[PDB]
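Notes follow once the structure below has been shown.
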Amino acid sequence: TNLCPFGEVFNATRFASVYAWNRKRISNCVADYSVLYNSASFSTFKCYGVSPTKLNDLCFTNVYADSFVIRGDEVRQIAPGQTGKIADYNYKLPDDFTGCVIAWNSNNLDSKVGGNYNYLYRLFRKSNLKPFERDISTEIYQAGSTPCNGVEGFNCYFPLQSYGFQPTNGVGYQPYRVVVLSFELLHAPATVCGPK
Amino acid sequence: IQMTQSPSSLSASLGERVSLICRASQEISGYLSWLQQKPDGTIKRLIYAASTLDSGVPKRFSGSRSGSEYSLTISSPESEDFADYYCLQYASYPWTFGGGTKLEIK
Amino acid sequence: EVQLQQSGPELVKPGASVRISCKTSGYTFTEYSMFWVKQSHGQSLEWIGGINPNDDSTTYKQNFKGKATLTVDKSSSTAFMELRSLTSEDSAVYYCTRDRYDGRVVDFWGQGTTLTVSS
Ligand SMILES: *[C@@H]1O[C@H](CO)[C@@H](O)[C@H](O)[C@H]1NC(C)=O
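Residue numbers (the deposited numbering), protein chains in the order written: chain C, 333 to 528; chain B, 22 to 127; chain A, 20 to 138.
Given below as structure tokens:
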């Protein structure tokens, strides 16, 4: 019967950028992950909670679908326990992440002919963010002893700089879309279940 | 913009209390550091922030934001402590310093 | 061990330029900013300016901006100051320093390069 709204996540027009990653709370629906895992479109389908094949057998309280664009070198940082500016200042998974990371080369549309600049990532933050935090804040960065009272100045960086995405870039400087399916069981009864 | 260290030179016996001041014309929001300079070239930080020190600072000499004045005060002199002292205004670029104050035996 | 290894005492006749290095160690070089100070024999110390090496960013005192030039090399992990038009104004003990927001501010310094421009 009714299939979960995966089309509105994986098949959308404009994804979030990694500092401001979108979340959709998939629940009260049947989740046909066989549509996903059989797709020739994906580069990466790393499942950490369970083996990818068994996803159509399981049921969960909710499946949070976290969506964002990152560089083709940075997709790796999305795995749990990874280190690096995406894993530490933008989108962090917990050590026991019970979910799947799915990613595809999206240079087809996320790249503009003279370069695209719409996607921002946080290069700087006073501390690593905690698992599944998101930090929208544009507050000027304190990169120097001098207090950044002025809007801009020495060591008063914008904690967010923009990607360089161009069609002729290498695999690595290309805009990989990522979605992270964080499956979750709680006291609440199970709703999102594979099809029969 | 720079702040003014009250004295140019100050003299003492061993054991005498020593107060060193760097007064302010405009509020630097409590951003300031103290440095000591040997006449033979040795520079090292004493104090930063508001009465805060780190790394290895001789004994426990600390000052305070005395309202419009910034300060250093010490519970003893020492043979090496008899040297030149400076306040730095890292409150805003360009960084500025007080003229320095020299600490001496009588 | 932190050590701002720097260049030894130096002389050139006036109307010229000079090379001054400050090697740094005991930390990852791009995790801290670098600044500079000029202290004369008969005058107090003054802030020349600073080149945070990681972002290749540079700020100066307006007075020295017209005669200083700060640089770094990442592979050498070393700071480098160039001075031009060495006049009767251009002689001091020159000093390198490193900084950050988390408490490590203007703490450790280089030995003190006594640039001399006399003949
Ligand atoms: C995504 O769109 C493609 C378009 O060909 C479709 O074949 C696929 O089933 C869709 N799947 C998801 C996960 O939305």
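For every residue, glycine included, the Cβ atom is placed at its ideal position computed from N, Cα and C.
Each of A:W128, A:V125, A:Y120 and A:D109 was checked against the Cα of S477 (chain C), and the nearest Cα belongs to A:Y120. Residue ranges of uninterrupted beta strand (DSSP E) with 3 or more members, entirely inside the region 85-119 of chain A and ordered along the chain, are 87-92, 97-102 and 111-118. At least one heavy atom of ligand 1 lies less than 7 angstroms from the C-beta of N343 (chain C). With fewer than 16 neighbouring CB atoms inside 10 Å of its own CB, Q47 (chain B) falls in the exposed class. Residues of the same chain with a CB within less than 8 angstroms of the CB of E471 (chain C), apart from the 5 flanking positions on each side, are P491 in chain order.
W116 (chain B) and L56 (chain B) have their C-alpha atoms some 14 angstroms from each other. Listed in chain order, the positions of the region 481-496 of chain C with a beta carbon within less than 7 angstroms of a beta carbon of chain A are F486 and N487. Distances between the C-beta of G339 (chain C) and the heavy atoms of ligand 1 include at least one below 7 angstroms.
At least one C-beta of chain A is nearer than 8 angstroms to the C-beta of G476 (chain C). At least one heavy atom of ligand 1 falls within 7 angstroms of the beta-carbon of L368 (chain C).
Taking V341 (chain C) as the centre and dropping the five residues before and after it, the same chain places the C-beta of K356, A397, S399 and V511 closer than 7 angstroms to its C-beta, in chain order. In terms of Cβ geometry, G121 (chain B) and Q23 (chain B) do not form a close pair [threshold 8 angstroms].
Leaving aside the five residues that flank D389 (chain C) on each side, the residues in its chain whose CB is nearer than 7 angstroms to its CB run, in chain order, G526. At least one C-beta of chain C is nearer than 8 angstroms to the C-beta of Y111 (chain B). If you draw a straight line from the Cα of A104 (chain B) to the Cα of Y473 (chain C), it is about 37 angstroms long. Taking the CA atoms as reference points, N73 (chain A) sits about 34 angstroms from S85 (chain B). CA-to-CA, the gap between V350 (chain C) and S76 (chain B) works out to about 38 angstroms.
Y508 (chain C) places its beta carbon less than 8 angstroms from that of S438 (chain C). Of the residues assessed, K57 (chain A) falls on the buried side of the cut-off, its CB having 16 or more other CB atoms within 10 angstroms. Contacts with chain A at 8 angstroms (Cβ-Cβ) do not include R86 (chain B). Along the region 24-51 of chain B, going in chain order, the ones with a CB nearer than 9 angstroms to a CB of chain C are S50. Here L41 (chain B) carries a strand assignment [DSSP, helix/strand/coil]. Ranked by how close their Cα comes to the Cα of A520 (chain C), the residues C:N481, C:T376, C:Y369 and C:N360 have C:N360 in first place. Taken through DSSP and simplified to helix, strand or coil, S32 (chain B) comes out as strand. Counting along the chain, the unbroken beta strand (DSSP E) around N394 (chain C) starts and ends at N394 to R403. Taking 8 angstroms as the CB threshold, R81 (chain B) stays off the interface with chain A.
Annotation: the continuous alpha helix (DSSP H) that includes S366 (chain C) extends over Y365 to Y369.
When C-alpha distances from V136 (chain A) are compared across A:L23, A:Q22 and A:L30, the shortest belongs to A:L30.
Contact between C43 (chain B) and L31 (chain B) does not hold, since the beta-carbon distance rounds to 13 angstroms and is not under 8 angstroms.
Annotated as distal: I67 (chain A) and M53 (chain A), with beta-carbon spacing of 8 angstroms or more. Under the criterion of beta carbons closer than 8 angstroms, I49 (chain B) and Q110 (chain B) qualify as touching, at roughly 6 angstroms. The Cβ atoms of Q25 (chain A) and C115 (chain A) lie closer than 8 angstroms to each other.
Residue C:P499 holds the alpha-carbon nearest to the alpha-carbon of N448 (chain C) among C:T415, C:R457 and C:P499. Excluding the 5 residues flanking it on each side, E465 (chain C) has same chain C-beta neighbours closer than 8 angstroms at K424, in chain order.
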